[PDB]
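If you're matching positions, the sequence shown starts at 1 in the deposited numbering and goes up one per residue. We treat Cβ as the ideally placed atom computed from N, Cα and C, and that holds for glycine. A short write-up of the structure that comes next.
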Amino acid sequence: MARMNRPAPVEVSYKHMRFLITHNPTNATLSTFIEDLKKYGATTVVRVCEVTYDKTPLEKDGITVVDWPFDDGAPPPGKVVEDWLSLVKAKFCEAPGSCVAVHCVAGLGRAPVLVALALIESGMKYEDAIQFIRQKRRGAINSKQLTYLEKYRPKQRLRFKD
């Protein structure tokens, strides 16, 4: 509860999706924050982070609550995937190609790491995708991530792959 202010988030439109990365680490009022994702046309809360509060406002606003330990920590490369596709599959299956508000720090690792997971499941090649997010950032997804998808197989969650 504070109102006022004019926070300008970041909307990222993909092949057939659209997310909203919060420039700053959540809002100290929430009110203004909810309006930001609500005005941008995003039917999803940037709860994608170290959230620890019950959704009261965004809840009655009919906005999809996206709460995930995407902000440091979180489980290994294999569990989070479930929420990844699920969310991106819900926010879009619940709203008309609306946007998905998610919380993010600076990017790096997670940046390409997370996006990579959804990218591949979207129907993109692991190698190709990697080279992309990798060429735009030395050692972006490299690590357990690369090896993970190397052995991991796409269940065709987000459309058809390969």
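Item: What do you get for residue 164, buried or exposed, if any count of 16 or more other CB atoms within 10 angstroms of its CB means buried?; Value: This structure cannot speak to residue 164, because the chain is shown only from 1 to 162.
Item: Out of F33, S13, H16, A101, which one is the CA nearest neighbour of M1?; Value: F33
Item: Pick helix, strand or coil for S13, following the three-state DSSP scheme.; Value: strand
Item: For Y148, which residues of its own chain have a beta-carbon under 6 Å away from its beta-carbon, when the five flanking residues on both sides are left out?; Value: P77
Item: Roughly how far, in whole angstroms, is the beta-carbon of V66 from the beta-carbon of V46, given that I think they are within contact range, below 8 Å?; Value: 7 Å
Item: Between the C-alpha atoms of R137 and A118, what's the straight-line distance to the nearest angstrom?; Value: 18 Å
Item: Would you kindly work out how many angstroms separate the C-alpha atoms of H16 and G97, rounded to a whole number?; Value: 8 Å
Item: Give a yes or no on whether the C-beta atoms belonging to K91 and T56 are separated by under 8 Å.; Value: no
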